[PDB]
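S.K.: If it helps, the file is called coords_39.pdb and holds PDB, C-alpha atoms:
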MODEL        1
ATOM      1  CA  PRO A   1      54.672   1.716  34.855
ATOM      2  CA  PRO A   2      56.464   1.811  31.394
ATOM      3  CA  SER A   3      58.820   4.580  30.290
ATOM      4  CA  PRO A   4      57.026   7.246  28.220
ATOM      5  CA  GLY A   5      60.396   7.647  26.449
ATOM      6  CA  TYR A   6      60.484  11.395  26.793
ATOM      7  CA  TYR A   7      61.000  13.255  30.056
ATOM      8  CA  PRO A   8      59.786  16.928  29.717
ATOM      9  CA  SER A   9      60.828  17.930  33.254
ATOM     10  CA  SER A  10      64.410  16.982  32.599
ATOM     11  CA  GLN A  11      64.657  19.692  29.977
ATOM     12  CA  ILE A  12      63.522  22.647  32.124
ATOM     13  CA  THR A  13      65.794  24.193  34.750
ATOM     14  CA  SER A  14      64.252  24.416  38.220
ATOM     15  CA  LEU A  15      63.542  27.709  39.863
ATOM     16  CA  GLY A  16      63.272  28.751  43.524
ATOM     17  CA  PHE A  17      59.804  29.738  44.826
ATOM     18  CA  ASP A  18      60.446  33.536  44.947
ATOM     19  CA  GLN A  19      61.555  33.731  41.291
ATOM     20  CA  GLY A  20      58.009  32.744  40.143
ATOM     21  CA  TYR A  21      55.611  32.939  43.064
ATOM     22  CA  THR A  22      54.417  34.857  46.060
ATOM     23  CA  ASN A  23      52.339  34.019  49.152
ATOM     24  CA  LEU A  24      48.668  34.647  48.540
ATOM     25  CA  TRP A  25      47.105  33.775  51.866
ATOM     26  CA  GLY A  26      48.163  32.289  55.201
ATOM     27  CA  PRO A  27      51.602  33.921  55.156
ATOM     28  CA  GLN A  28      52.164  32.719  58.743
ATOM     29  CA  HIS A  29      51.672  29.123  57.586
ATOM     30  CA  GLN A  30      54.292  29.368  54.822
ATOM     31  CA  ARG A  31      58.100  29.106  54.857
ATOM     32  CA  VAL A  32      60.713  29.256  52.146
ATOM     33  CA  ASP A  33      64.146  27.550  52.598
ATOM     34  CA  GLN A  34      66.599  28.126  49.747
ATOM     35  CA  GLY A  35      63.759  28.198  47.249
ATOM     36  CA  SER A  36      61.841  25.250  48.678
ATOM     37  CA  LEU A  37      58.361  25.854  50.022
ATOM     38  CA  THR A  38      56.591  24.464  52.981
ATOM     39  CA  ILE A  39      52.926  25.275  53.495
ATOM     40  CA  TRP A  40      50.498  23.967  56.120
ATOM     41  CA  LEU A  41      46.899  23.836  57.385
ATOM     42  CA  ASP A  42      45.685  23.771  61.001
ATOM     43  CA  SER A  43      42.342  24.872  62.627
ATOM     44  CA  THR A  44      43.306  28.506  62.339
ATOM     45  CA  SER A  45      44.153  28.712  58.679
ATOM     46  CA  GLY A  46      45.445  27.081  55.582
ATOM     47  CA  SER A  47      47.870  28.608  53.129
ATOM     48  CA  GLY A  48      48.324  29.247  49.463
ATOM     49  CA  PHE A  49      50.575  30.819  46.880
ATOM     50  CA  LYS A  50      50.101  32.402  43.433
ATOM     51  CA  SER A  51      52.328  33.078  40.388
ATOM     52  CA  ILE A  52      53.590  36.607  39.852
ATOM     53  CA  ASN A  53      52.395  36.224  36.218
ATOM     54  CA  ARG A  54      49.276  35.488  34.218
ATOM     55  CA  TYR A  55      49.873  33.061  31.417
ATOM     56  CA  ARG A  56      48.391  32.418  27.986
ATOM     57  CA  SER A  57      49.986  29.000  27.660
ATOM     58  CA  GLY A  58      52.653  26.763  29.111
ATOM     59  CA  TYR A  59      54.118  23.928  31.145
ATOM     60  CA  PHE A  60      53.865  24.343  34.897
ATOM     61  CA  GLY A  61      55.425  21.864  37.288
ATOM     62  CA  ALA A  62      56.652  21.248  40.809
ATOM     63  CA  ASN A  63      58.120  18.566  42.924
ATOM     64  CA  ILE A  64      55.670  17.892  45.674
ATOM     65  CA  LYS A  65      55.809  15.792  48.824
ATOM     66  CA  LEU A  66      52.618  15.003  50.810
ATOM     67  CA  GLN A  67      51.788  14.800  54.472
ATOM     68  CA  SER A  68      51.997  11.334  56.132
ATOM     69  CA  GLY A  69      49.210   9.710  58.175
ATOM     70  CA  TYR A  70      45.685  10.882  58.826
ATOM     71  CA  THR A  71      44.829  13.447  56.139
ATOM     72  CA  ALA A  72      41.122  12.739  55.568
ATOM     73  CA  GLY A  73      39.334  15.841  54.347
ATOM     74  CA  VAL A  74      42.453  17.705  53.376
ATOM     75  CA  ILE A  75      43.418  18.796  49.935
ATOM     76  CA  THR A  76      46.879  19.706  48.682
ATOM     77  CA  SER A  77      46.671  21.413  45.310
ATOM     78  CA  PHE A  78      48.608  22.700  42.349
ATOM     79  CA  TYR A  79      46.445  24.434  39.723
ATOM     80  CA  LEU A  80      45.740  27.189  37.188
ATOM     81  CA  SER A  81      42.754  29.520  37.702
ATOM     82  CA  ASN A  82      41.348  32.960  36.897
ATOM     83  CA  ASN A  83      38.711  33.023  39.661
ATOM     84  CA  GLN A  84      40.261  36.272  40.934
ATOM     85  CA  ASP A  85      39.677  37.845  37.522
ATOM     86  CA  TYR A  86      36.173  36.385  36.911
ATOM     87  CA  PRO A  87      34.843  35.442  40.304
ATOM     88  CA  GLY A  88      32.320  32.604  40.119
ATOM     89  CA  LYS A  89      32.567  32.590  36.308
ATOM     90  CA  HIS A  90      36.049  31.267  35.951
ATOM     91  CA  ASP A  91      38.261  28.711  34.361
ATOM     92  CA  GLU A  92      40.436  26.315  36.314
ATOM     93  CA  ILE A  93      42.660  23.268  35.600
ATOM     94  CA  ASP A  94      43.481  21.330  38.771
ATOM     95  CA  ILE A  95      45.774  18.761  40.348
ATOM     96  CA  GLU A  96      44.332  17.877  43.817
ATOM     97  CA  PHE A  97      45.612  15.285  46.231
ATOM     98  CA  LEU A  98      42.704  14.044  48.312
ATOM     99  CA  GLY A  99      43.694  13.173  51.809
ATOM    100  CA  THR A 100      43.070   9.892  53.324
ATOM    101  CA  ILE A 101      43.001   7.809  56.480
ATOM    102  CA  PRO A 102      46.039   5.628  57.203
ATOM    103  CA  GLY A 103      45.778   2.255  55.439
ATOM    104  CA  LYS A 104      44.346   3.623  52.240
ATOM    105  CA  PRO A 105      46.007   5.433  49.252
ATOM    106  CA  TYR A 106      45.992   9.045  48.217
ATOM    107  CA  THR A 107      43.872   9.806  45.180
ATOM    108  CA  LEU A 108      45.148  12.280  42.631
ATOM    109  CA  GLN A 109      42.259  14.169  41.157
ATOM    110  CA  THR A 110      42.493  16.028  37.832
ATOM    111  CA  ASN A 111      39.756  18.469  36.905
ATOM    112  CA  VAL A 112      38.803  21.213  34.411
ATOM    113  CA  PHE A 113      36.337  24.109  34.823
ATOM    114  CA  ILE A 114      35.264  26.443  32.074
ATOM    115  CA  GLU A 115      33.315  29.688  32.765
ATOM    116  CA  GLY A 116      32.149  28.602  36.224
ATOM    117  CA  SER A 117      31.546  25.658  38.498
ATOM    118  CA  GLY A 118      27.780  25.048  38.602
ATOM    119  CA  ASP A 119      25.402  27.098  40.761
ATOM    120  CA  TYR A 120      22.469  24.661  40.494
ATOM    121  CA  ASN A 121      24.441  21.566  39.453
ATOM    122  CA  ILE A 122      27.823  20.137  40.418
ATOM    123  CA  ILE A 123      29.645  20.371  36.985
ATOM    124  CA  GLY A 124      32.960  18.521  37.243
ATOM    125  CA  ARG A 125      35.265  17.012  34.691
ATOM    126  CA  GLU A 126      37.066  14.783  37.172
ATOM    127  CA  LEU A 127      39.381  11.949  36.464
ATOM    128  CA  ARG A 128      40.911  10.406  39.517
ATOM    129  CA  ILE A 129      43.756   7.989  39.853
ATOM    130  CA  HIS A 130      45.490   5.989  42.533
ATOM    131  CA  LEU A 131      49.323   6.322  42.346
ATOM    132  CA  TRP A 132      51.910   3.597  41.760
ATOM    133  CA  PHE A 133      54.139   5.111  44.488
ATOM    134  CA  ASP A 134      53.710   6.553  48.007
ATOM    135  CA  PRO A 135      53.497  10.319  47.536
ATOM    136  CA  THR A 136      54.339  10.975  51.199
ATOM    137  CA  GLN A 137      57.691   9.240  51.132
ATOM    138  CA  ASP A 138      59.469  11.480  48.678
ATOM    139  CA  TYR A 139      59.106  14.334  46.234
ATOM    140  CA  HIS A 140      57.556  13.382  42.890
ATOM    141  CA  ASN A 141      57.011  15.570  39.843
ATOM    142  CA  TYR A 142      53.570  16.858  38.935
ATOM    143  CA  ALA A 143      52.833  19.051  35.944
ATOM    144  CA  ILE A 144      50.124  20.731  33.967
ATOM    145  CA  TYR A 145      50.601  21.495  30.284
ATOM    146  CA  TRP A 146      48.086  23.872  28.770
ATOM    147  CA  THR A 147      47.840  25.160  25.210
ATOM    148  CA  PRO A 148      45.039  26.291  22.919
ATOM    149  CA  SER A 149      44.706  22.712  21.661
ATOM    150  CA  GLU A 150      45.091  20.582  24.790
ATOM    151  CA  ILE A 151      45.690  20.027  28.483
ATOM    152  CA  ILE A 152      47.988  17.267  29.556
ATOM    153  CA  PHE A 153      48.573  16.170  33.155
ATOM    154  CA  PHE A 154      51.896  14.483  33.983
ATOM    155  CA  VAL A 155      53.046  12.503  37.032
ATOM    156  CA  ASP A 156      56.838  11.800  37.070
ATOM    157  CA  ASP A 157      56.811  12.690  33.332
ATOM    158  CA  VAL A 158      54.122  10.087  32.646
ATOM    159  CA  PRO A 159      51.005  11.623  31.035
ATOM    160  CA  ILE A 160      47.908  10.480  32.996
ATOM    161  CA  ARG A 161      45.309  12.462  31.131
ATOM    162  CA  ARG A 162      44.889  14.518  28.033
ATOM    163  CA  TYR A 163      41.900  16.870  27.741
ATOM    164  CA  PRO A 164      41.755  17.952  24.074
ATOM    165  CA  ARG A 165      39.958  20.956  22.709
ATOM    166  CA  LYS A 166      36.581  20.048  21.281
ATOM    167  CA  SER A 167      34.692  23.341  21.525
ATOM    168  CA  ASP A 168      35.277  26.789  22.787
ATOM    169  CA  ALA A 169      32.527  26.287  25.371
ATOM    170  CA  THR A 170      34.348  23.290  26.890
ATOM    171  CA  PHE A 171      37.933  24.479  26.786
ATOM    172  CA  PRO A 172      39.912  27.087  28.754
ATOM    173  CA  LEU A 173      40.868  29.961  26.463
ATOM    174  CA  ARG A 174      41.480  32.867  28.766
ATOM    175  CA  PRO A 175      44.636  33.626  30.715
ATOM    176  CA  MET A 176      45.376  31.983  33.999
ATOM    177  CA  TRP A 177      47.495  32.271  37.062
ATOM    178  CA  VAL A 178      49.138  29.406  38.820
ATOM    179  CA  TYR A 179      48.281  28.499  42.420
ATOM    180  CA  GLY A 180      48.940  25.933  45.177
ATOM    181  CA  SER A 181      47.320  25.392  48.514
ATOM    182  CA  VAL A 182      46.501  23.133  51.384
ATOM    183  CA  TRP A 183      42.897  23.365  52.536
ATOM    184  CA  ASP A 184      39.882  21.813  54.240
ATOM    185  CA  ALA A 185      37.614  19.919  51.913
ATOM    186  CA  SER A 186      35.304  18.320  54.539
ATOM    187  CA  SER A 187      32.197  19.416  52.430
ATOM    188  CA  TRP A 188      33.233  16.737  49.872
ATOM    189  CA  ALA A 189      34.225  14.256  52.639
ATOM    190  CA  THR A 190      30.550  13.239  52.678
ATOM    191  CA  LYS A 191      37.315   7.833  54.662
ATOM    192  CA  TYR A 192      35.952  11.028  56.258
ATOM    193  CA  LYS A 193      36.298  14.718  57.098
ATOM    194  CA  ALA A 194      39.173  16.849  58.474
ATOM    195  CA  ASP A 195      40.189  15.832  61.991
ATOM    196  CA  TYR A 196      42.364  18.679  63.421
ATOM    197  CA  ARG A 197      43.800  16.476  66.107
ATOM    198  CA  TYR A 198      46.293  15.498  63.327
ATOM    199  CA  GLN A 199      46.973  19.191  62.749
ATOM    200  CA  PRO A 200      49.552  20.701  60.888
ATOM    201  CA  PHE A 201      48.856  19.049  57.508
ATOM    202  CA  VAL A 202      51.931  20.089  55.597
ATOM    203  CA  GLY A 203      52.495  20.391  51.812
ATOM    204  CA  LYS A 204      56.059  20.648  50.429
ATOM    205  CA  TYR A 205      56.858  22.062  46.987
ATOM    206  CA  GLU A 206      60.312  22.347  45.396
ATOM    207  CA  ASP A 207      62.042  22.569  42.000
ATOM    208  CA  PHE A 208      59.393  24.658  40.314
ATOM    209  CA  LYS A 209      59.354  24.393  36.544
ATOM    210  CA  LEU A 210      58.144  27.007  34.098
ATOM    211  CA  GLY A 211      58.224  26.566  30.321
ATOM    212  CA  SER A 212      55.551  29.110  29.559
ATOM    213  CA  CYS A 213      54.156  32.248  27.932
ATOM    214  CA  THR A 214      53.021  35.162  29.932
ATOM    215  CA  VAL A 215      50.036  37.041  28.511
ATOM    216  CA  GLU A 216      52.445  39.767  27.350
ATOM    217  CA  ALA A 217      55.371  37.601  26.167
ATOM    218  CA  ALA A 218      56.686  38.242  22.720
ATOM    219  CA  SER A 219      54.384  36.518  20.240
ATOM    220  CA  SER A 220      57.114  34.091  19.278
ATOM    221  CA  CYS A 221      56.877  32.485  22.667
ATOM    222  CA  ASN A 222      55.307  28.961  22.568
ATOM    223  CA  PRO A 223      55.017  26.568  25.481
ATOM    224  CA  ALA A 224      57.849  24.210  26.248
ATOM    225  CA  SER A 225      58.091  20.818  24.503
ATOM    226  CA  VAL A 226      56.323  17.860  26.131
ATOM    227  CA  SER A 227      56.935  15.316  23.402
ATOM    228  CA  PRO A 228      59.225  14.480  20.513
ATOM    229  CA  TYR A 229      57.583  16.406  17.676
ATOM    230  CA  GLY A 230      54.608  18.220  19.196
ATOM    231  CA  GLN A 231      51.943  15.731  19.750
ATOM    232  CA  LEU A 232      52.147  12.936  22.333
ATOM    233  CA  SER A 233      54.228  10.074  21.027
ATOM    234  CA  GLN A 234      52.778   6.627  20.867
ATOM    235  CA  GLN A 235      55.076   5.609  23.677
ATOM    236  CA  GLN A 236      53.679   8.430  25.839
ATOM    237  CA  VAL A 237      50.122   7.461  24.794
ATOM    238  CA  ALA A 238      50.845   3.862  25.825
ATOM    239  CA  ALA A 239      52.104   4.957  29.216
ATOM    240  CA  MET A 240      48.958   7.027  29.755
ATOM    241  CA  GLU A 241      46.812   4.103  28.687
ATOM    242  CA  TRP A 242      48.508   1.774  31.150
ATOM    243  CA  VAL A 243      47.974   4.372  33.906
ATOM    244  CA  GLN A 244      44.269   4.724  33.147
ATOM    245  CA  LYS A 245      43.857   1.005  32.768
ATOM    246  CA  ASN A 246      45.548   0.101  36.071
ATOM    247  CA  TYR A 247      45.040   3.119  38.403
ATOM    248  CA  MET A 248      42.015   5.150  37.277
ATOM    249  CA  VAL A 249      39.263   5.093  39.907
ATOM    250  CA  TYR A 250      36.857   7.695  38.572
ATOM    251  CA  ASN A 251      36.160   9.122  35.160
ATOM    252  CA  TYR A 252      33.248  11.642  34.948
ATOM    253  CA  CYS A 253      32.552  10.500  31.347
ATOM    254  CA  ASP A 254      31.921   6.914  32.565
ATOM    255  CA  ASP A 255      29.706   8.010  35.405
ATOM    256  CA  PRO A 256      26.129   7.041  34.367
ATOM    257  CA  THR A 257      24.723   9.706  36.675
ATOM    258  CA  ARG A 258      25.889  13.285  35.894
ATOM    259  CA  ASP A 259      24.247  15.217  33.115
ATOM    260  CA  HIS A 260      26.407  14.855  30.044
ATOM    261  CA  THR A 261      24.426  17.554  28.196
ATOM    262  CA  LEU A 262      26.283  19.950  30.561
ATOM    263  CA  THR A 263      29.660  18.411  29.574
ATOM    264  CA  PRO A 264      29.188  17.587  25.836
ATOM    265  CA  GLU A 265      32.895  16.810  25.165
ATOM    266  CA  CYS A 266      32.403  13.154  26.403
TER
ENDMDL
END
Step by step, read the file and then write its structure as structure tokens.

M.R.:
Amino acid sequence: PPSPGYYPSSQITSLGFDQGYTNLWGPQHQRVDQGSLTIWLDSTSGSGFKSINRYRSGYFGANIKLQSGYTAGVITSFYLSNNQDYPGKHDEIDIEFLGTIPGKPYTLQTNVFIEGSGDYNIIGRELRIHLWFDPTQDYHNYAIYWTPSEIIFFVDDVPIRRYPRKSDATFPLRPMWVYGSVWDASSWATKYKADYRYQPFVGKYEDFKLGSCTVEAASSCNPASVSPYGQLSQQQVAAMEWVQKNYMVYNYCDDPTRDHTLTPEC
């Protein structure tokens, strides 16, 4: 996995959970230890947190460590959304770790929604990768960079996907909050579905990173730097390309099913 030659996360000071975030649901399944967060899911409830701010723009990261063993049907997430502002008609930019059975790898799923998931059609913009490390064995850095021109997803400072702006209809242009959660995705598990005999399924988040612009920030605020000079460098592009070439397992654009008239950016 070659150096991208620029390490955005190393330029932003970490914050403790409570400086940027608050429990949103499952408060009983959440704990904070010196700024580090543990959340978990069992048959009674999952858990999730939200930013104290809405944002117009920024870089949003966390160190995240995933549950070991049988995790089929469980999703650990870190994402931006305004579903609470525009319920059912919302924008979202996701990092989702799809749980698995022991013996097989976690899949990192990236996704983008703009003005609603489908009501008659499943309308995803998914790009899934396998990882070149074991995400359960340590904390690794995951980030979402979102501006009015582009979304970039980073894993350990390696860009894995860039979703550029091609039309207003296909790009997120409204403010968003940040969220994370652990939850039951057995409806997609059509490996398998959630088996609660392996119960708490725990998600661990630490060293939160914010290089961002609240909705109300002074107009001079711009998102943090993610490259030398303000577009991805060719070295970063090359790292991304290697990732997609060696670890990408699904790209909605390449999927010959799926109605591309409903996602015209491909």

S.K.: Within 10 Å of residue 88 (chain A), counting all atoms listed in the file, which residues show up once you throw out same-chain ones fewer than 3 positions away? Write them as a VMD selection string, please.

M.R.: chain A and resid 82 to 85 91 115 to 119

S.K.: Using all atoms listed in the file, which protein or nucleic acid residues come within 8 Å of residue 243 (chain A)? Drop anything in the same chain fewer than 4 positions from it, and give the result as a list in words.

M.R.: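 These residues fall inside the cut-off: residues 1, 160, 239, 247 and 248 of chain A.
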
S.K.: Neighbours of region 143-146 of chain A within 8 Å (only C-alpha atoms; same-chain residues fewer than 2 positions away dropped), as a list in words?

M.R.: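 So the residues in contact are residues 57, 58, 59, 60, 61, 62, 79, 95, 141, 148, 149, 150, 151, 152, 153, 154, 155, 157 and 226 of chain A.
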
S.K.: Please evaluate the PyMOL selection byres ((chain A and resi 35-52) around 6) against the structure above and give the resulting residues as a PyMOL selection string.

M.R.: chain A and resi 16-17+20-26+29-34+53+177-183+199-206

S.K.: May I ask for the distance between CA of residue 158 (chain A) and CA of residue 257 (chain A), given in Å to one decimal place?

M.R.: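 So the two atoms, CA of residue 158 (chain A) and CA of residue 257 (chain A), lie 29.7 Å apart.
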
S.K.: Which residue, A:54, A:224, A:131, A:198, has the smallest gap to residue 210 (chain A) when you use all atoms listed in the file?

M.R.: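 Closest residue, counting all atoms listed in the file: A:224.
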
S.K.: Around region 158-164 of chain A, fit a box with edges along x, y and z, padding it by 6 Å on each side, then list its centre and edge lengths in Å to one decimal as AutoDock Vina command-line options.

M.R.:
--center_x 47.9 --center_y 14.0 --center_z 28.5 --size_x 24.4 --size_y 19.9 --size_z 20.9

S.K.: Looking at only C-alpha atoms, which of A:261, A:255, A:230, A:121 is the one that sits closest to residue 6 (chain A)?

M.R.: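 Once distances to residue 6 (chain A) are computed over only C-alpha atoms, the minimum belongs to A:230.
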
S.K.: In Å, rounded to a single decimal, give me how far CA of residue 8 (chain A) is from CA of residue 221 (chain A).

M.R.: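 Going from CA of residue 221 (chain A) over to CA of residue 8 (chain A), I get 17.3 Å.
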
S.K.: What is the distance between CA of residue 65 (chain A) and CA of residue 231 (chain A), in Å to one decimal?

M.R.: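 Computing the Euclidean distance for CA of residue 65 (chain A) and CA of residue 231 (chain A) yields 29.3 Å.
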
S.K.: Find the residues near residue 140 (chain A): any atom within 7 Å, counting all atoms listed in the file, skip ones fewer than 4 places away on the same chain, and give them as a PDB file with C-alpha atoms, keeping the file's coordinate frame.

M.R.:
ATOM      1  CA  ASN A  63      58.120  18.566  42.924  1.00  0.00           C
ATOM      2  CA  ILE A  64      55.670  17.892  45.674  1.00  0.00           C
ATOM      3  CA  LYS A  65      55.809  15.792  48.824  1.00  0.00           C
ATOM      4  CA  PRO A 135      53.497  10.319  47.536  1.00  0.00           C
ATOM      5  CA  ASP A 156      56.838  11.800  37.070  1.00  0.00           C
TER       6      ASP A 156
END

S.K.: Which residues of region 47-79 of chain A come within 10 Å of region 96-105 of chain A, and for each one, what is the closest pair of atoms and their distance in Å to one decimal, counting all atoms listed in the file, sorted by chain and residue number, as a Markdown table?

M.R.:
| residue | atom | partner | partner_atom | distance |
| --- | --- | --- | --- | --- |
| A:66 | CA | A:97 | CA | 8.4 |
| A:67 | CA | A:99 | CA | 8.7 |
| A:68 | CA | A:102 | CA | 8.3 |
| A:69 | CA | A:102 | CA | 5.3 |
| A:70 | CA | A:101 | CA | 4.7 |
| A:71 | CA | A:99 | CA | 4.5 |
| A:72 | CA | A:100 | CA | 4.1 |
| A:73 | CA | A:99 | CA | 5.7 |
| A:74 | CA | A:99 | CA | 5.0 |
| A:75 | CA | A:98 | CA | 5.1 |
| A:76 | CA | A:97 | CA | 5.2 |
| A:77 | CA | A:96 | CA | 4.5 |
| A:78 | CA | A:96 | CA | 6.6 |
| A:79 | CA | A:96 | CA | 8.0 |

S.K.: With distances taken over all atoms listed in the file, which residue among A:251, A:222, A:186, A:263 lies nearest residue 128 (chain A)?

M.R.: A:251

S.K.: Which residue out of A:220, A:234, A:114, A:28 has the minimum interatomic distance to residue 168 (chain A) when all atoms listed in the file are used?

M.R.: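 Result for the nearest residue to residue 168 (chain A): A:114.
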
S.K.: Using only C-alpha atoms, which of A:253, A:175, A:195, A:233 sits nearest residue 215 (chain A)?

M.R.: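 Among A:253, A:175, A:195, A:233, it is A:175 that comes nearest to residue 215 (chain A).
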
S.K.: Counting all atoms listed in the file, figure out which residue out of A:238, A:126, A:259, A:244 gets nearest to residue 5 (chain A).

M.R.: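 Among the listed residues, the smallest separation from residue 5 (chain A) belongs to A:238.
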